[PDB]
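Worksheet: one structure, shown below.
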Protein chains: 2
Amino acid sequence: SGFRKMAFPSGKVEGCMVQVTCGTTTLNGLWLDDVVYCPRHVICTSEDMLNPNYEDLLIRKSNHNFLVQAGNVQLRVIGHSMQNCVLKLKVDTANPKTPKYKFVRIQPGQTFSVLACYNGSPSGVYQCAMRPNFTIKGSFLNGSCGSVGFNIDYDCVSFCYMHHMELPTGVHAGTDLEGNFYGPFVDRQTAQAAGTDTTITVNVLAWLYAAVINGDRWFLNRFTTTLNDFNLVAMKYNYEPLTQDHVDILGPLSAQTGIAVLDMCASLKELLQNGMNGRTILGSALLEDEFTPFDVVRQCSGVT
Amino acid sequence: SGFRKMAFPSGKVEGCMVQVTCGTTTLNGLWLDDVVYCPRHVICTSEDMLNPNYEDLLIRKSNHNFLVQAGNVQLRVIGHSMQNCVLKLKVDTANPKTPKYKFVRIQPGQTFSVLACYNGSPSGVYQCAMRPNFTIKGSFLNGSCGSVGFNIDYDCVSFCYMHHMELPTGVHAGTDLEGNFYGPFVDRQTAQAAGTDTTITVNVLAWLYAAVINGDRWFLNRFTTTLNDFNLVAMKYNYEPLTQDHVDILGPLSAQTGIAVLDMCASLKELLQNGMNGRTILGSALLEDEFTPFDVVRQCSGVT
Ligand SMILES: CC(C)N(C)c1ncnc2c1cnn2C
Ligand SMILES: CC(C)N(C)c1ncnc2c1cnn2C
Ligand SMILES: CC(C)N(C)c1ncnc2c1cnn2C
Ligand SMILES: CC(C)N(C)c1ncnc2c1cnn2C
């Protein structure tokens, strides 16, 4: 029993983190096989970031200008290329700790673990969600760029995020491992404002199922609702619309608990309308939306 | 910017987890040098746990009855002994991945990372605090016993917790790595109820400093207080008394922010008396107490 915001064990990813330095800029790279992946803004000064021409800046860079260090050992860079907003530095040594891996582009509402790193060295691990406005709410200081987000399926690491940018409102933007930003963000120090940070309704419902499984039940009520009625209330509270696809995904939790998805939606509707009245659910005073239904099943079943 | 509930990177600990089986009971062990540490209740049936005589039960166990598996490889048990509530299984192979390590007994209010494991295999990592009633609020299913809690100082792992027990109220009890329970708990399936789960005041204050550093400032007010006045209010709200030692520990955060510790205590006093009025601090609707002052400085400074 108990339900915690849980990250994947980080060891497989710790074995991939390296330091990348270009001139005066140091950040993190991801070493998989004989390629190191890092934000292309490693080539920029803070001055450059106001209006960078990355193709032009990259002409002035040679393989020997990219200093790649794996622990206290230097890697030899034998090639470099820009793909979207990442650089791929080809090194002469395959990472001997390369796990089975995939690159995946996740959807808003999907969760992942972040291994926050500085100078190629892991500092901490935490659990994030891709927000509906394609920001993440991370913990990233100067030097954390190139830190990655991932999921693990048994022994395969699915890398889904690389950290690039903090917006002026202190939320974070980054790319998949093909270098494509999530959402509309760019690697330039400019006016970029995030849209509405809506609540991931299907994840809240999953977490309410987790609450019932773990004995927090006070919010269960005598009501039901319909998707259309629920969505009228969701929309008023800046919740994502619930779809039949979401209902289908919640089916296993519904089955485990015997609480129909639409009955849980009616519980959630009352919590939105009435608030918590000073009560807590799984140690939270707000409705938690960074657990997916898969997360809840995984954690409630003890998957390794 | 941003402030997250962050665990230590788990890799050094992942390299120490093994499976221990005795008869029909499987749980986790910690393999350091040529010793595997596990809960002594591995030797119990669920029936045994009602009123176990561990010395008597252990007489019926030989080295060959303890099955220790490290990944898919069996370890040879060449000795076993009981120390308090843990078994030490001596194996014929030193763990080649043994990190620098220490065993430490932590104080209530100290935080640590837990690597939740099943069948010797890591499932997730999360951040815990030793509660003032010497329980922890973890996420532990059947099979998670022997999962460990730790801190890391650069390259040295300080192991502070091993999971033994869930109480009927769904909170958790365990031991240090010398096998001594935190608090009054015992490894028997009996009436054990936790005392008051008071709030760790010094940690709340640290987190309010983290909030100011990260731009959440709405709760700062025009007031100050004294330790004695603050403590009259703390006591009413089941907060731990704040001591001058706590004030001294908060000095670096006070210096960084320019907010006197007693001024932050007056902010906290108003939050206790007035509530959050539907507002949030660092994405929380309650006052978070599982960050120590050291945690806040570490995360705000990017220590690896
Ligand atoms: C970085 C993105 C484009 N990649 C490759 C992917 N994104 C989403 N689903 C995927 C892949 C690859 N396979 N599958 C099933
Ligand atoms: C209650 C019905 C009529 N409403 C408005 C909606 N229901 C489901 N998905 C929706 C909406 C609006 N946008 N999207 C994507
Ligand atoms: C398991 C407990 C008794 N151990 C050994 C410790 N507990 C607290 N502080 C400690 C140690 C060892 N050194 N230091 C400074
Ligand atoms: C305001 C004063 C008189 N009170 C009661 C206290 N102040 C500091 N530490 C305390 C207490 C009570 N217990 N403990 C450990």
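Reminder, nothing fancy here: chain letters follow the sequence lines and each chain counts from 1.
With a 4.5 Å cut-off on non-hydrogen atoms, A:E288 does not touch chain B at all. With a threshold of 4.5 angstrom between heavy atoms, A:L115 approaches chain B through side-chain atoms but not through N, CA, C or O. Of the two parts of B:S284, only the backbone, made up of N, CA, C and O, holds a non-hydrogen atom closer than 4.5 Å to a non-hydrogen atom of chain A. A:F3 touches chain B through its backbone: at least one of N, CA, C or O sits under 4.5 Å from a heavy atom, while the side chain does not. Only the backbone of B:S301 comes within less than 4.5 Å of a heavy atom of chain A; no side-chain atom from C-beta onward does.
Most heavy-atom pairs under 4.5 Å with chain B, from the set A:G11, A:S139, A:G2: that is A:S139. The greatest number of non-hydrogen atom pairs below 4.5 Å with chain B, out of A:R4, A:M6, A:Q299, is found for A:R4. Ranked by heavy-atom pairs under 4.5 Å with chain B, the first of A:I152, A:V303, A:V171, A:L286 is A:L286. Here A:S10 is the residue among A:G215, A:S144, A:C300, A:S10 with the most heavy-atom pairs under 4.5 Å with chain B. When the candidates B:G138, B:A116, B:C117 are compared by the number of heavy-atom contacts under 4.5 Å with chain A, B:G138 comes out ahead. Annotation: maximal heavy-atom pairing with chain B below 4.5 Å, among A:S123, A:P9, A:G283, occurs at A:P9.
Both cation-pi conditions hold for A:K5 and A:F291: the charged atom is under 6.0 angstrom from the six-membered ring centre and inside a 45 degree cone around its axis.
Ring geometry for A:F140 against A:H172 counts as perpendicular: the plane angle is over 60°, on a 0 to 90° scale with 30° as the lower cut.
Between A:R131 and A:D289, at least one side-chain nitrogen of the basic residue sits less than 4.0 Å from a carboxylate oxygen of the acidic one, meeting the salt-bridge criterion.
Without hydrogens or angle criteria, B:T26 side chain to B:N119 main chain gives no donor-acceptor distance under 3.5 Å.
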Working for side-chain hydrogen bond (donor to acceptor under 3.5 Å, both in side chains), residues B:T111 and B:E290: CA-CA 6 Å; B:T111 56; B:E290 292 200 353; over 6 Å; no
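Taking every heavy atom of both residues into account, B:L268 and B:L287 meet most closely at CD1-CD1, 3.6 Å. Heavy-atom minimum distance, B:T280 versus B:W218: O-NE1, 2.9 Å.
In the displayed structure, A:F294 atom CZ is contacted under 6.0 Å by at most 12 heavy atoms of other residues, nucleotides or ligands.
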